[PDB]
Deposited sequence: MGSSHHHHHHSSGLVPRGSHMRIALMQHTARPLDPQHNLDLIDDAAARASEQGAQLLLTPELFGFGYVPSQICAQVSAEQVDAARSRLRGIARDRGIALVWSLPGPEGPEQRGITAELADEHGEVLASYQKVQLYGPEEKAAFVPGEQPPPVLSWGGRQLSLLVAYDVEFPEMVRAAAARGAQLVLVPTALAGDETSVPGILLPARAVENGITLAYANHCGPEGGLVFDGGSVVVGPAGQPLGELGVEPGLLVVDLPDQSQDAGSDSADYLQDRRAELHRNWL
């Protein structure tokens, strides 16, 4: 609807099916979603993990060059500027195929990259064969009146990774993902706890449908700090648009915890 009285941030999540190794098709889908999110008055669009090349880790490592990644990244900065909306995307990193990770970056509505992050927790042997894990903690930055942070897919299933973002001040954690296998426990059990246990909001934007030998679950969702969904999709392509409205972070005995992991 109209932008509500108590809200000054409206975000959108893209859920769709990518075609493996067809960046012109996948980036056309992101441009469509960016235009539709901006028409509905959203200020930022979150898109799924590795969407521009499809979630095909082995084929990205074998077939996608650094120059082809940079061409998709330049197109995505162009979509943020041309559709006038901040955009979170996820691509392979910028180094050669043997030295890069899976990344997420946030561009503002002018197309400039505000923050970049490399996935720290790679999932399974295909990702670990195709990508280097990140070694830096999640970034946190002010945008739109709140402190935003980035994580990618499997990262959010580790409470440590969401605690690392909330310890640096995050209030809204944006998470491109690629979750297949009818893995109901991740959005149904873990995301609500990551929100409650830090008092944050998380946005989780998945693929859906048949892609890359998998059928992805959809179920994109935004979870607020009480653990309840502010909005959620089912299994088909869609664009979710949501208006955002114990002191664990202080109480935690972090100097003992860090010795006990």
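List in ascending order the stretches of the deposited sequence, numbered from 1, that lack C-alpha coordinates. Comparing the full sequence with the modelled residues, the uncovered ranges come out as 1-12, 258-267.
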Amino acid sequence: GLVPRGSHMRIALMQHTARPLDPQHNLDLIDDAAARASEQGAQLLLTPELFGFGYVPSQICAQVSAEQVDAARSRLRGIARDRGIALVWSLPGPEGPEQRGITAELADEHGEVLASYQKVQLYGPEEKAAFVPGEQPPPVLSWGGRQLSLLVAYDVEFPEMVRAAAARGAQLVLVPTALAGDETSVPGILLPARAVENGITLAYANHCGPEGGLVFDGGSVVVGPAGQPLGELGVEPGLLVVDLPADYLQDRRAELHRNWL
From here on, numbers count along this sequence of modelled residues.
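message: Can you tell me whether 63-71 has a higher mean C-alpha B factor than 214-222 in this record, or the other way round?
response: Mean C-alpha B-factor is greater for 63-71.
task: Taking the mean of the C-alpha B-factors per stretch from the entry, tell me the winner out of 167-175 and 97-105.
output: The stretch with the larger average C-alpha B-factor is 97-105.
- Name the one of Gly134, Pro159, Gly78, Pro138 with the greatest CA B-factor according to the PDB entry. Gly78 has the highest C-alpha B-factor of those listed.
- request: Could you say which of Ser149, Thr184, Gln118, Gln121 has its CA atom at the highest B factor, as listed in the PDB entry?
  value: The listed residue with the largest C-alpha B-factor is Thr184.
- Item | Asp28, C-alpha B-factor rank within chain (lowest, middle or highest third) | For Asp28, the deposited C-alpha B-factor lands in the middle third.
- Task: Would you please rank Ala130 by its C-alpha temperature factor against the other modelled residues of its chain and give the third it falls in: lowest, middle or highest?
- Result: Middle third, going by the recorded CA B-factors of the chain.
Open item on the list: Is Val235 in the lowest, middle or highest third of its chain when residues are ranked by C-alpha B-factor?
Closed with: Tercile = highest for this residue's CA B-factor.
* In terms of the CA temperature factor given in the entry, to which third of its chain does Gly227 belong: lowest, middle or highest? -> Top third by C-alpha B-factor.
* To do: Rank-wise, by C-alpha B-factor, drop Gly41 into the lowest, middle or highest third of its chain.
  => Answer is highest: the recorded C-alpha B-factor places it there.
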